[PDB]
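For reference, the structure is listed below as structure tokens.
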Amino acid sequence: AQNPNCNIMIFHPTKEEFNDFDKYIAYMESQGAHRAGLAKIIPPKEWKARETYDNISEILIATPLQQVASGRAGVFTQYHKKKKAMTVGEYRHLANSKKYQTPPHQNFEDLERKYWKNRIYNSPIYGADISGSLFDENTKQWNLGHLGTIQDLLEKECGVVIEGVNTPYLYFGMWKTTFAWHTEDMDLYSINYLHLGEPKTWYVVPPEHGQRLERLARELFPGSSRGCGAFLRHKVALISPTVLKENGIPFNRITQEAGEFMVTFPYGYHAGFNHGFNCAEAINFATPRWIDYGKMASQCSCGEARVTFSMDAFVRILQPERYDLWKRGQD
Ligand SMILES: O=C(O)CNC(=O)C(=O)O
Ligand SMILES: [Mg+2]
Ligand code: NI
Ligand SMILES: [Zn+2]
């Protein structure tokens, strides 16, 4: 079995190997990359997502989210308070202000220490889930706006034609902005490209050990667990690496820098934070190997998780028994 310790693998495709997205994902899995839950892909040196970022300040963040924490430093939840719209130019200025800017630090490890020590005492503002793309239309390789759609993959594998579309989303982050422990909707893959700015640190649990993380989460967030049998779908709970180590949960960590892709694999729980002002783009995708994960994916039916139009069909076709109850949650 390849990669039996479930380490995060890093890949350096040639420009030739960068032509066929599906084939390269299948290559990575042949080397065991999926066992980690997360892989890094460094694009060939000849490749670029677009010519410059010089003209992005007029993008609108219509609903910036202030991420308010509750709990203790290593075990907390966050809630998203909606703020007034601002442009990316305004947001970048805010990120760079004395109140919100990255503190002086020695290196990534020192910054990670400061994050876990101090995150809960601040409320950084996150521009999340903004439909759109920063890939130039002329970028032909690994253009997250030109991937084959999950609906087409389901059709190719299973023969069923369904409604729905699949488009990318932009994330504008600042110091301490945080992504809570989650898997993707319907335990899909995700791909994330860090277009610009400061790094993003990731933590990941191997898919084969995901239930260990869930069990811990039920112990650490006991009221949330009683309210919903899939409450990590709410995307609000954080557990530090120290806490994960104290409870024996297998995980890995890696820092993504500007110009790098990360791929999350089905049922790979991940969480992380941004080091300073940055802009990422991400999208879900599927492969044939995903189908069985989609069939087994947990679902939130308490009504909190409230997700896209396109997830309807996935639940309807892959999880017909659940469909009824899940849709009660979504209405
Ligand atoms: O970058 C972020 O804030 C969150 N991204 C992801 O969870 C992802 O790409 O799957
Ligand atoms: Mg602009
Ligand atoms: Ni994700
Ligand atoms: Zn729920």
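Following Swiss-Prot, chain A shows residues 11-341, kept in their order.
According to its header, the structure was obtained by X-ray crystallography, 1.6 Å.
Yeah, the Cβs are placed from backbone N, Cα and C, and that goes for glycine too.
Per Swiss-Prot, the features are:
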- 18-60: domain 'JmjN' (DOMAIN)
- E26: polyADP-ribosyl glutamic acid (MOD_RES)
- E27: polyADP-ribosyl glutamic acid (MOD_RES)
- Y136, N202, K210, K245: 2-oxoglutarate binding site (BINDING)
- 146-312: domain 'JmjC' (DOMAIN)
- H192, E194, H280: Fe cation binding site (BINDING)
- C238, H244, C310, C312: Zn(2+) binding site (BINDING)
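Swiss-Prot feature annotations superimposed on the structure.
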residue	record	DSSP class
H192	Fe cation binding site	strand
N202	2-oxoglutarate binding site	strand
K210	2-oxoglutarate binding site	strand
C238	Zn(2+) binding site	coil
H244	Zn(2+) binding site	helix
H280	Fe cation binding site	strand
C310	Zn(2+) binding site	coil
(message) A 10 Å Cβ contact count, applied to the binding-site residues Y136, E194, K210, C238, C312: which residue has the minimum?
(response) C312
(message) For a three-state summary based on DSSP, what are the helix, strand and coil counts in the domain 'JmjN' (18-60)?
(response) 14 helix, 7 strand, 22 coil
(message) To see if you understand the setup: which same-chain residues, six or more apart in sequence, place their Cβ under 8 Å from that of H244 (Zn(2+) binding site)?
(response) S234, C238, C310, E314, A315
(request) Select one residue from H192, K245, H280: among these binding-site residues, choose the one with the most other Cβ atoms within 10 Å of its Cβ. (result) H280
(message) Among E26, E27, the modified residues in question, whose Cβ has the most other Cβ atoms within 10 Å in this structure?
(response) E27
(message) Roughly how many Å lie between the Cα atoms of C312 (Zn(2+) binding site) and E194 (Fe cation binding site), rounded to a whole value?
(response) 18
(request) Provide, as an integer number of angstrom, the distance between the C-alpha atoms of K245 (2-oxoglutarate binding site) and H192 (Fe cation binding site). (result) 6
(message) For a quick check of packing: other C-beta atoms within 10 Å of the C-beta of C310 (Zn(2+) binding site), how many?
(response) 20
(message) Taking only same-chain residues 6+ apart in sequence, whose CB is under 8 Å from that of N202 (2-oxoglutarate binding site), what do you get?
(response) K210, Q266, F271, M272, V273, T274, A290, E291, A292
(request) Quick one: of the recorded positions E27, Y136, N202, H244, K245, flag those whose CB is under 6 Å from ligand 1, and say none if nothing qualifies. (result) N202
(request) Just the binding-site residues from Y136, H192, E194, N202, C310, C312 whose C-beta lies under 6 Å from any atom of ligand 4, please, or none if there are none. (result) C310, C312
